[PDB]
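Visitor: Structure: structure-v9.txt, compact mmCIF, C-alpha atoms and all ligand atoms.
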# COMPACT_ATOMS: atom_id res chain seq x y z
CA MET A 1 76.86 33.27 20.30
CA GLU A 2 77.81 36.55 18.61
CA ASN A 3 77.46 38.65 21.79
CA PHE A 4 80.12 36.65 23.63
CA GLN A 5 83.84 36.10 23.38
CA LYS A 6 84.94 32.71 24.78
CA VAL A 7 87.93 33.27 27.06
CA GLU A 8 88.66 29.72 28.16
CA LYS A 9 86.95 26.37 28.65
CA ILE A 10 86.59 26.15 32.41
CA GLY A 11 85.05 22.73 32.49
CA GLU A 12 82.68 20.09 31.26
CA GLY A 13 79.33 19.88 32.96
CA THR A 14 76.75 17.12 32.80
CA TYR A 15 75.04 18.92 29.89
CA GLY A 16 77.92 20.47 27.95
CA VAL A 17 81.01 22.59 27.88
CA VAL A 18 81.37 25.46 30.32
CA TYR A 19 83.16 28.51 29.02
CA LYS A 20 84.48 31.62 30.71
CA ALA A 21 83.27 34.30 28.29
CA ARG A 22 83.07 38.08 28.00
CA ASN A 23 79.97 40.01 26.88
CA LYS A 24 81.14 41.92 23.80
CA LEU A 25 79.11 44.99 24.77
CA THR A 26 78.42 45.07 28.55
CA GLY A 27 82.04 44.05 29.28
CA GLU A 28 80.64 41.53 31.81
CA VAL A 29 82.63 38.32 32.44
CA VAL A 30 80.18 35.43 32.70
CA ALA A 31 80.05 31.64 32.75
CA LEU A 32 78.51 30.35 29.51
CA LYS A 33 77.05 26.83 29.47
CA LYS A 34 76.20 25.22 26.18
CA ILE A 35 73.38 22.69 26.52
CA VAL A 44 64.36 21.80 22.02
CA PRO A 45 61.64 20.74 24.49
CA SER A 46 59.01 23.41 25.14
CA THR A 47 58.93 22.18 28.76
CA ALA A 48 62.64 22.64 29.35
CA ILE A 49 62.57 26.24 28.18
CA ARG A 50 59.67 27.18 30.47
CA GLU A 51 61.42 25.44 33.36
CA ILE A 52 64.69 27.31 32.85
CA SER A 53 62.84 30.62 32.50
CA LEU A 54 61.35 30.26 35.96
CA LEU A 55 64.92 29.81 37.20
CA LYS A 56 65.69 33.36 36.07
CA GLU A 57 63.63 34.67 38.93
CA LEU A 58 64.89 32.36 41.63
CA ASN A 59 67.50 34.83 42.96
CA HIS A 60 69.45 34.50 46.24
CA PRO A 61 72.99 35.59 47.43
CA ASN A 62 73.84 31.86 47.71
CA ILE A 63 72.50 30.64 44.31
CA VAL A 64 74.72 31.33 41.25
CA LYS A 65 72.73 33.97 39.34
CA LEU A 66 71.31 32.93 36.00
CA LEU A 67 71.84 36.07 33.96
CA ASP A 68 70.28 34.92 30.76
CA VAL A 69 68.76 32.13 28.74
CA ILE A 70 69.55 32.15 25.06
CA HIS A 71 67.71 29.80 22.75
CA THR A 72 69.03 30.10 19.20
CA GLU A 73 69.35 27.70 16.32
CA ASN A 74 68.07 24.80 18.42
CA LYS A 75 71.02 25.61 20.66
CA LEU A 76 70.53 26.44 24.32
CA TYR A 77 72.94 28.65 26.30
CA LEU A 78 72.68 29.56 29.92
CA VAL A 79 74.55 32.67 31.03
CA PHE A 80 75.58 32.63 34.73
CA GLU A 81 77.48 34.96 37.05
CA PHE A 82 81.10 33.87 37.03
CA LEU A 83 82.80 32.58 40.20
CA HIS A 84 86.52 31.82 40.16
CA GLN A 85 86.71 28.44 41.97
CA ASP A 86 84.62 25.43 42.99
CA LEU A 87 84.71 23.64 46.33
CA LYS A 88 86.20 20.46 44.94
CA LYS A 89 89.38 22.26 43.85
CA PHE A 90 89.49 24.19 47.15
CA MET A 91 89.24 20.93 49.12
CA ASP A 92 92.03 19.35 47.00
CA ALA A 93 94.07 22.45 47.71
CA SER A 94 93.26 22.30 51.45
CA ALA A 95 94.19 18.61 51.69
CA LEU A 96 97.32 18.77 53.88
CA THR A 97 95.80 20.93 56.56
CA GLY A 98 92.00 20.77 56.11
CA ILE A 99 89.50 23.62 55.59
CA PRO A 100 89.42 25.26 59.09
CA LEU A 101 86.20 24.53 61.03
CA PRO A 102 84.93 28.09 61.17
CA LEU A 103 85.05 28.22 57.40
CA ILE A 104 83.37 24.78 57.00
CA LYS A 105 80.58 26.06 59.26
CA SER A 106 80.12 29.31 57.33
CA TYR A 107 79.96 27.37 54.04
CA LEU A 108 77.41 24.84 55.34
CA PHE A 109 75.43 27.70 56.92
CA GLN A 110 75.38 29.63 53.58
CA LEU A 111 74.52 26.49 51.58
CA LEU A 112 71.59 25.79 53.94
CA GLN A 113 70.33 29.32 53.41
CA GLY A 114 70.52 28.66 49.68
CA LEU A 115 68.56 25.40 50.00
CA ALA A 116 65.99 26.93 52.37
CA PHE A 117 65.23 29.66 49.76
CA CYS A 118 64.93 27.31 46.75
CA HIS A 119 63.07 24.67 48.72
CA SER A 120 60.53 27.22 50.00
CA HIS A 121 59.81 27.78 46.31
CA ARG A 122 59.65 24.04 45.72
CA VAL A 123 62.79 23.89 43.60
CA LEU A 124 65.05 20.93 44.32
CA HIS A 125 68.62 20.86 43.06
CA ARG A 126 68.90 17.05 42.93
CA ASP A 127 72.56 16.77 41.98
CA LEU A 128 74.45 18.66 44.62
CA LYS A 129 78.19 17.96 44.66
CA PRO A 130 81.35 19.85 45.41
CA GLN A 131 81.97 20.67 41.69
CA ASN A 132 78.76 22.75 41.65
CA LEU A 133 79.38 24.65 44.89
CA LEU A 134 81.30 27.82 43.91
CA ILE A 135 83.40 30.13 46.08
CA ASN A 136 84.69 33.73 45.85
CA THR A 137 87.31 35.75 47.68
CA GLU A 138 84.82 37.38 50.03
CA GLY A 139 84.05 34.19 51.96
CA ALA A 140 80.84 33.38 50.00
CA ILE A 141 79.68 30.03 48.65
CA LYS A 142 76.85 29.53 46.13
CA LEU A 143 74.99 26.59 44.52
CA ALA A 144 75.36 26.28 40.69
CA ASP A 145 73.01 24.32 38.32
CA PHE A 146 70.02 24.58 40.64
CA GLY A 147 66.83 23.39 38.93
CA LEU A 148 68.59 22.02 35.80
CA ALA A 149 68.04 18.37 36.75
CA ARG A 150 64.26 18.89 36.60
CA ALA A 151 64.55 20.67 33.24
CA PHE A 152 66.96 18.19 31.60
CA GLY A 153 67.21 14.97 33.65
CA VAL A 154 70.36 13.56 35.24
CA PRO A 155 72.30 11.23 32.82
CA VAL A 156 74.34 8.20 33.88
CA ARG A 157 77.14 9.87 31.90
CA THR A 158 77.84 13.41 30.68
CA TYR A 159 78.17 14.54 27.05
CA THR A 160 81.85 13.63 27.38
CA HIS A 161 81.01 10.16 28.74
CA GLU A 162 82.48 11.08 32.18
CA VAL A 163 80.45 9.11 34.78
CA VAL A 164 77.95 11.10 36.87
CA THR A 165 79.06 10.72 40.46
CA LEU A 166 76.75 8.76 42.77
CA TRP A 167 78.62 9.84 45.90
CA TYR A 168 76.03 12.39 47.05
CA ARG A 169 72.85 10.58 46.02
CA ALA A 170 70.10 10.21 48.64
CA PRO A 171 69.12 6.56 49.36
CA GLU A 172 65.45 7.02 48.38
CA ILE A 173 66.70 7.79 44.87
CA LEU A 174 69.03 4.74 44.81
CA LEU A 175 66.06 2.63 46.01
CA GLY A 176 64.00 3.83 43.02
CA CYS A 177 61.64 6.43 44.57
CA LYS A 178 60.03 8.31 41.66
CA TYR A 179 58.72 11.24 43.69
CA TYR A 180 61.54 12.33 46.00
CA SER A 181 61.52 15.63 47.88
CA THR A 182 63.67 18.52 49.00
CA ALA A 183 65.20 16.05 51.45
CA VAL A 184 67.44 14.68 48.72
CA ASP A 185 69.40 17.97 48.77
CA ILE A 186 69.86 17.85 52.55
CA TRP A 187 71.29 14.38 52.18
CA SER A 188 73.89 15.50 49.56
CA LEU A 189 75.00 18.54 51.62
CA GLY A 190 75.35 16.26 54.65
CA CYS A 191 77.69 14.07 52.61
CA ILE A 192 79.58 17.19 51.53
CA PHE A 193 79.80 18.49 55.12
CA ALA A 194 81.35 15.14 56.27
CA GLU A 195 83.84 15.31 53.43
CA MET A 196 85.05 18.83 54.29
CA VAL A 197 85.66 17.76 57.91
CA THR A 198 87.44 14.47 57.22
CA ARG A 199 89.06 15.28 53.84
CA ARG A 200 87.69 12.10 52.31
CA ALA A 201 84.42 11.43 50.50
CA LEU A 202 81.90 9.88 52.89
CA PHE A 203 80.41 7.33 50.47
CA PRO A 204 82.43 7.07 47.30
CA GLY A 205 80.34 4.36 45.44
CA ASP A 206 81.32 3.27 41.94
CA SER A 207 77.99 1.72 41.06
CA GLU A 208 74.48 2.09 42.46
CA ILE A 209 74.78 -1.08 44.49
CA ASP A 210 78.23 -0.12 45.80
CA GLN A 211 76.80 3.31 46.58
CA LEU A 212 73.92 1.82 48.57
CA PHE A 213 76.02 -0.82 50.32
CA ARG A 214 78.47 1.86 51.39
CA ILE A 215 75.63 3.86 52.95
CA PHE A 216 74.36 0.67 54.63
CA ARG A 217 77.82 -0.24 55.96
CA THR A 218 78.10 3.12 57.79
CA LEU A 219 74.47 3.94 58.64
CA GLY A 220 73.05 0.43 59.15
CA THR A 221 70.98 -1.45 56.58
CA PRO A 222 67.63 0.46 56.77
CA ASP A 223 64.54 -1.35 58.07
CA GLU A 224 60.86 -0.70 58.77
CA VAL A 225 61.78 0.57 62.24
CA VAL A 226 64.08 3.44 61.10
CA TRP A 227 62.41 3.90 57.73
CA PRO A 228 58.67 2.91 57.41
CA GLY A 229 57.86 1.89 53.86
CA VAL A 230 61.49 1.13 52.95
CA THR A 231 60.90 -2.57 52.23
CA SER A 232 58.15 -1.54 49.71
CA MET A 233 60.50 0.62 47.60
CA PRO A 234 60.94 -0.44 43.96
CA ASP A 235 64.62 -1.52 44.17
CA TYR A 236 64.61 -2.80 47.73
CA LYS A 237 65.54 -6.52 48.09
CA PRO A 238 64.93 -8.61 51.21
CA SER A 239 68.30 -10.10 50.26
CA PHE A 240 70.31 -6.91 51.01
CA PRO A 241 72.86 -7.69 53.63
CA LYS A 242 72.06 -6.51 57.17
CA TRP A 243 74.91 -4.29 58.39
CA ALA A 244 75.09 -2.64 61.81
CA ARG A 245 75.15 1.13 62.17
CA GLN A 246 78.47 2.73 63.18
CA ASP A 247 78.85 5.64 65.63
CA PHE A 248 79.42 9.10 64.12
CA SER A 249 82.25 9.64 66.54
CA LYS A 250 84.08 7.08 64.32
CA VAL A 251 82.79 8.46 61.02
CA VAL A 252 83.57 12.20 61.34
CA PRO A 253 86.28 12.74 63.92
CA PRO A 254 87.21 15.29 65.09
CA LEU A 255 83.79 16.91 64.47
CA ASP A 256 82.15 18.09 67.71
CA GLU A 257 78.88 16.88 69.25
CA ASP A 258 76.81 19.71 67.72
CA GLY A 259 78.34 19.01 64.32
CA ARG A 260 77.75 15.27 64.75
CA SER A 261 74.24 15.93 65.99
CA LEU A 262 73.40 18.03 62.88
CA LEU A 263 75.12 15.59 60.49
CA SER A 264 73.04 12.71 61.79
CA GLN A 265 69.84 14.64 61.24
CA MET A 266 70.89 15.46 57.63
CA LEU A 267 71.53 11.75 57.07
CA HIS A 268 68.28 10.30 58.51
CA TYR A 269 67.14 7.44 56.30
CA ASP A 270 63.46 8.47 56.23
CA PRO A 271 63.23 11.63 54.04
CA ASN A 272 60.33 12.80 56.25
CA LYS A 273 62.53 12.68 59.32
CA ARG A 274 65.53 14.18 57.54
CA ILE A 275 66.06 17.74 58.91
CA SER A 276 64.88 20.52 56.63
CA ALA A 277 67.20 23.32 55.48
CA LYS A 278 65.19 25.76 57.55
CA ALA A 279 65.35 23.71 60.77
CA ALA A 280 69.06 23.09 60.15
CA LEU A 281 69.69 26.87 60.17
CA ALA A 282 68.35 26.87 63.76
CA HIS A 283 70.61 24.09 65.01
CA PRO A 284 73.04 24.94 67.85
CA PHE A 285 76.03 24.01 65.62
CA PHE A 286 75.53 27.47 64.11
CA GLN A 287 75.37 29.38 67.44
CA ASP A 288 78.90 30.66 66.82
CA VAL A 289 78.78 30.93 63.08
CA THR A 290 81.00 33.63 61.53
CA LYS A 291 82.10 34.52 58.00
CA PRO A 292 85.87 33.91 57.41
CA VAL A 293 87.61 34.85 54.20
CA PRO A 294 89.42 32.00 52.60
CA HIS A 295 92.86 32.38 51.09
CA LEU A 296 92.39 31.73 47.34
CA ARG A 297 95.22 31.48 44.76
CA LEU A 298 93.74 33.20 41.65
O1 LIG B 301 82.22 27.11 36.66
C1 LIG B 301 82.21 28.26 37.02
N1 LIG B 301 83.31 28.90 37.45
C2 LIG B 301 84.55 28.32 37.73
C3 LIG B 301 84.63 27.06 38.32
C4 LIG B 301 85.86 26.49 38.59
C5 LIG B 301 87.02 27.17 38.28
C6 LIG B 301 86.95 28.42 37.69
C7 LIG B 301 85.73 29.00 37.42
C8 LIG B 301 80.96 29.02 37.05
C9 LIG B 301 79.68 28.56 36.74
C10 LIG B 301 78.87 29.62 36.94
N2 LIG B 301 79.64 30.64 37.35
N3 LIG B 301 80.95 30.27 37.43
Let's see the structure in the file written out as structure tokens.
Ligand SMILES: O=C(Nc1ccccc1)c1cc[nH]n1
Guide:
Amino acid sequence: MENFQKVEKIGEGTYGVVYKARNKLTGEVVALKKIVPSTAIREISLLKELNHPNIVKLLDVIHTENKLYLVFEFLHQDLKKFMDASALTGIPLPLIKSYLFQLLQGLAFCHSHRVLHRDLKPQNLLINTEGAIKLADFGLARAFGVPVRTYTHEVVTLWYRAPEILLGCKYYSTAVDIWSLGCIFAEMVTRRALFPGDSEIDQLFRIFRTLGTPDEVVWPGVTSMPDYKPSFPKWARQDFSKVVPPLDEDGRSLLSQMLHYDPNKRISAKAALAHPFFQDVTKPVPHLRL
């Protein structure tokens, strides 16, 4: 793209290379994602107007030469790197709370407009020096699908996938985002992925081992889902006090609502923002090492 100067490769997304680039005329530093279906282009174009302080701004969609480039506002780190970096001591709780709180506001805005993310994970949550956190790649899964592998063959993580997706639900809802963020919330607290599955069945059985194998009691309709098997093992549900120590009762309360099996009972982003866990929410500045 003649209007951009590629500064460095920052990464490899599910769809293609991600470049840090500068706009040869505006002087703007952006993130440039290289990714043609008529449908995809209309979908992405609606994303241009879905603007919120906690959603990485899509600056521009450039379709040229059967090539597709998305131009995003640039943020200097993602949450996965920040968590790696905060391994020894953990992300402090007030900062975990502010991030979750901001992320929920993000989801509440998108969701109210009926946009799902569908592939939330720490690599697409981006952070700046001001204490902000923002969701990247919102709405791209609807436009482009979610591949078992990326363009580089790197395996798409299953770790944050809602169970109604793993059980083959075709028509899942906004609740699938709530589930992922719940998994991400647990991970920040404990410094270990909640459910790090390495196949769909491992992913599901890991969920079952912690949350209880789901039945008709906790999840009406579950036994009628496409990939449900009466032969699944029947595991007992563990207490959250064991799962996310040393998270407090309000935290554990909210986490459990975000991880309800039935997507209809799963707490919405909007209700979550009202939960007492956020009574004392503040906005700390992290220390970043740019
Ligand atoms: O990927 C982006 N930025 C980034 C991520 C990790 C490390 C350094 C920079 C990005 C995507 C959209 N804006 N920024």
Visitor: Tell me which protein, DNA and RNA residues are within 8 Å of residue A:270, counting only C-alpha atoms, leaving out same-chain ones fewer than 2 positions away, and put them as an NGL selection string.
Guide: :A and (226-228 or 268 or 272-274)
Visitor: Which of these residues is nearest to residue A:286, using only C-alpha atoms: A:147, A:271, A:11, A:259?
Guide: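 For residue A:286, the nearest of the given residues is A:259.
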Visitor: Using only C-alpha atoms and all ligand atoms, find each residue in chain A having at least one atom no more than 9 Å away from ligand LIG 301 (chain B); report its shortest atom-to-atom pair and that distance in Å (one decimal), rows by chain then rising number, as a tab-separated table.
Guide:
residue	atom	partner	partner_atom	distance
A:10	CA	B:LIG301	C6	5.8
A:11	CA	B:LIG301	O1	6.7
A:12	CA	B:LIG301	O1	8.9
A:13	CA	B:LIG301	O1	8.6
A:18	CA	B:LIG301	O1	6.6
A:19	CA	B:LIG301	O1	7.8
A:20	CA	B:LIG301	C7	7.3
A:30	CA	B:LIG301	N2	6.7
A:31	CA	B:LIG301	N2	4.7
A:32	CA	B:LIG301	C10	7.5
A:33	CA	B:LIG301	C9	7.9
A:64	CA	B:LIG301	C10	6.2
A:65	CA	B:LIG301	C10	7.9
A:66	CA	B:LIG301	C10	8.3
A:79	CA	B:LIG301	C10	7.9
A:80	CA	B:LIG301	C10	5.0
A:81	CA	B:LIG301	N2	4.8
A:82	CA	B:LIG301	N2	3.6
A:83	CA	B:LIG301	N3	4.1
A:84	CA	B:LIG301	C7	4.0
A:85	CA	B:LIG301	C5	3.9
A:86	CA	B:LIG301	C4	4.7
A:87	CA	B:LIG301	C4	8.3
A:88	CA	B:LIG301	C4	8.8
A:89	CA	B:LIG301	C4	7.6
A:131	CA	B:LIG301	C4	7.7
A:132	CA	B:LIG301	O1	7.5
A:133	CA	B:LIG301	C3	8.7
A:134	CA	B:LIG301	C3	6.6
A:135	CA	B:LIG301	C3	8.4
A:144	CA	B:LIG301	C10	6.1
A:145	CA	B:LIG301	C10	8.0
Visitor: What is the atom CA of residue A:263-atom CA of residue A:187 distance in Å, reported with one decimal?
Guide: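 Atom-to-atom, atom CA of residue A:263 and atom CA of residue A:187 are spaced 9.2 Å apart.
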Visitor: In terms of the shortest atom-to-atom distance over all atoms listed in the file, which of A:238, A:220, A:254, A:176 is closest to residue A:267?
Guide: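 Looking only at the distances to residue A:267, the closest residue turns out to be A:220.
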Visitor: For residue A:166, please output as a VMD selection string all residues within 8 Å (counting all atoms listed in the file; exclusion window: fewer than 5 positions along the same chain).
Guide: chain A and resid 204 to 208 211
Visitor: A:241, A:292, A:45, A:253: which is nearest residue A:136, counting all atoms listed in the file?
Guide: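 Going through A:241, A:292, A:45, A:253 one by one, the smallest distance to residue A:136 is for A:292.
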Visitor: Give as a list in words each residue that has an atom at most 9 Å from (90.4, 36.0, 27.7) in the file, counting all atoms listed in the file.
Guide: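 The answer, in the requested form, is residues 5, 6, 7, 8, 20, 21 and 22 of chain A.
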Visitor: Would you pick out the contacts of residue A:219 at 12 Å or less, using only C-alpha atoms, so that residues sharing its chain but fewer than 3 positions from it are not included, and give the list as a compact mmCIF listing (two decimals) with C-alpha atoms, in the coordinates of the input?
Guide:
# COMPACT_ATOMS: atom_id res chain seq x y z
CA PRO A 171 69.12 6.56 49.36
CA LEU A 202 81.90 9.88 52.89
CA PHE A 203 80.41 7.33 50.47
CA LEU A 212 73.92 1.82 48.57
CA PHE A 213 76.02 -0.82 50.32
CA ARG A 214 78.47 1.86 51.39
CA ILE A 215 75.63 3.86 52.95
CA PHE A 216 74.36 0.67 54.63
CA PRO A 222 67.63 0.46 56.77
CA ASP A 223 64.54 -1.35 58.07
CA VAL A 226 64.08 3.44 61.10
CA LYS A 242 72.06 -6.51 57.17
CA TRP A 243 74.91 -4.29 58.39
CA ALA A 244 75.09 -2.64 61.81
CA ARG A 245 75.15 1.13 62.17
CA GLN A 246 78.47 2.73 63.18
CA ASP A 247 78.85 5.64 65.63
CA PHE A 248 79.42 9.10 64.12
CA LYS A 250 84.08 7.08 64.32
CA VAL A 251 82.79 8.46 61.02
CA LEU A 263 75.12 15.59 60.49
CA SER A 264 73.04 12.71 61.79
CA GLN A 265 69.84 14.64 61.24
CA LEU A 267 71.53 11.75 57.07
CA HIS A 268 68.28 10.30 58.51
CA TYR A 269 67.14 7.44 56.30
Visitor: Could you jot down the atom CA of residue A:288 to atom CA of residue A:106 separation for me, Å, one decimal place?
Guide: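 Here the two named atoms are 9.7 Å from each other.
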